[PDB]
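Notes to accompany the following structure.
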Amino acid sequence: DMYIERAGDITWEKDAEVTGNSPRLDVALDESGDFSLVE
Amino acid sequence: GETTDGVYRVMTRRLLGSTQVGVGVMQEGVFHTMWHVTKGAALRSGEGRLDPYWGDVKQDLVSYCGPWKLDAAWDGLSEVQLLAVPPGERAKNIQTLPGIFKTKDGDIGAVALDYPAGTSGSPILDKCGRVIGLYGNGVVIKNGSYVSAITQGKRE
Ligand SMILES: COc1cc(-c2ccccc2C(=O)Nc2cnn(C)c2)ccn1
C-alpha cells in the first residue's frame, strides 16, 4: 500500500555536477513498454 | 494531505522495512510517475487517497487526481539535469547532454546515468526548471550502465 513523501523543489541548480555521455542508439519499443537494442 | 508542487519518493511497507520503489512529480494538483513504479495502484499522501486518472503501459506513464500536466520537450541542443532522488539519499541535480534513441516512430532523448531502479520517475529538467520528462525506461548497454529515455506525456 504505497505512500508518497516530499523530497525537494524542482529547480535548475547552477554548477550542478556535469557528467554522463550522449550515445545515439537504434532501439525498438514493444507493446509491454520495454525498449530493446536493434542491430 | 500534501499537494505542494515539487518532487516526491514512492514508498511501500509491503516488503522488508520501508522500500523506495520510485519517484514522481506533483504539478497543478496532479501527481506524475512511471507505470512500472505503481502498476496503476492507489497511493496514500498521509490521510489522503490519490486515485489513478490516466495511464498507458506502452508509454510507461500514469497520472493521479487529474490529466497529465507536463508538456516541455528536450529541444535537441541544450543540456539537461536528472534531479535524481535515489533510495535513502538526498535529491541531487546531475547535468548531462542527452544522447538519442532512434526508433521507427522517431527520435527520443536518452540519458546514460546508472542509478538504482528505485530512482525511476525522477524528473529531467530544462534551464527554465520545466519538467521535460521522467527517468527509468530504456536499455542496459554492453558497458553495463542503463540508458534511460526522456519519457514525456501529451497534455489534453
Ligand atoms: C535489468 O535492468 C535493470 C534496470 C534498472 C533500472 C535502473 C535505473 C532506472 C530504472 C531501472 C528499471 O528497472 N527500469 C524499468 C523499466 N521498466 N521496468 C519494468 C523496469 C536497474 C537494474 N536492472
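Going from the start of the chain as shown, residues are counted 1 onward.
For this deposited structure, the header notes the method as X-ray crystallography, 1.8 Å.
Including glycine, each Cβ sits where the backbone N, Cα and C put it.
Here is what Swiss-Prot records for this protein:
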- B:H36: active site, charge relay system (ACT_SITE)
- B:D60: active site, charge relay system (ACT_SITE)
- B:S120: active site, charge relay system (ACT_SITE)
Which site among B:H36, B:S120 has the most other CB atoms no more than 10 Å from its CB, taking these as active-site residues?
B:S120
Report, as a single number, how many Cβ atoms besides its own are within 10 Å of the Cβ of B:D60 (active site, charge relay system).
24
